[PDB]
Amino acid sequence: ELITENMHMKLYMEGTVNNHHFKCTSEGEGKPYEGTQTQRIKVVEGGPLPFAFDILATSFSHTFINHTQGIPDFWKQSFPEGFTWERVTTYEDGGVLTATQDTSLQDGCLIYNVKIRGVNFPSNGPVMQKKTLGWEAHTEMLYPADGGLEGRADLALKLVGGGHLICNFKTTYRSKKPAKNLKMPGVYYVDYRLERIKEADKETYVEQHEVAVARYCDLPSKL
C-alpha cells in the first residue's frame, strides 16, 4: 500500500575511487512488483570519471524485485521505515569497493543515499583504462542472519576483447522497522539483469535498467 504498482525514486551518491572524488544524482521509476526499474544518472561533481562507470552501476534498488513463488518480501515489508545496506565488492585483479546505502520513503517517492569508497584498482586494469562493457546477468543468494539479511554473489564484468573480470559481493541488508513486524524468509535467490541503456558525454550521463526476480531453487529435493 505504501509501495504501489508504479513508484519513483531519487538518489544521491558521493564517493572516492583511487583518490578521485565524485558525486552523482539520479531520478527514476519502476514497477516494484514486476521487478523492473529505470534510472537516469548524472555525474554532478568529479566528471568525467577517470574510471569505468560500470563499477558504480550496482550501487544505484531492492524494492524493485519481483517476489515469485510466494516468497516473503524483506524490502517491501520494511516500509514505511525503509532499509539500509552495506556491501564490500572485491575484484579479482585487486580493486576493492565498499558502499553503504540508506533507503527511505518520502512523499511517496523512494529516496536513496549512497556513499562509496574504492581502492587499489590497478592503473593498467580495465576499470582504470575504461575497457569494460557492462555486467553479465547474475544470481545473489540470500539468507536470514542476525536479524538482518545477508547476500552473496559473484559477478562477471565484460571486457573489451571478450574476456571477463570477476568480482565477489558480500552484502548486509537491515530493516529499519522493528523485527517484531518482520516475517523473515528462508534461503532464496534473486536473479538480476542490469543493463546500460544509454550514456552521454563520457559517462557523465547514464541511463540504466534492471530486472530482478526472487525465487527458490526449483531443483527437486530428496529430503
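In this text, residue numbers run from 1 along the sequence as written.
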Per the record, how many residues of the deposited chain fall between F60 and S61 without being modelled: none, 1 to 3, 4 to 9, or 10 or more?
1 to 3
Tell me which stretch, 176-184 or 40-48, has the higher mean Cα B-factor listed in the entry.
176-184
Can you tell me which stretch has the higher mean Cα B-factor, 146-154 or 111-119?
146-154
Among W135, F74, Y91, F79, where is the Cα temperature factor highest, going by the PDB entry?
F79
Identify, among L105, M141, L97, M128, the residue whose C-alpha carries the highest B-factor in the deposited PDB entry.
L105
Considering every modelled residue of the chain and its Cα B-factor in the PDB entry, is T204 in the lowest, middle or highest third?
lowest
What third of the chain does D54 rank in for C-alpha temperature factor, lowest, middle or highest?
lowest
Among the modelled residues of its chain, the C-alpha B-factor of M7 falls in the third labelled middle
In terms of its chain's C-alpha B-factors, the third that includes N66 is the lowest
Lowest, middle or highest third: where is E195 by Cα B-factor in its chain?
lowest
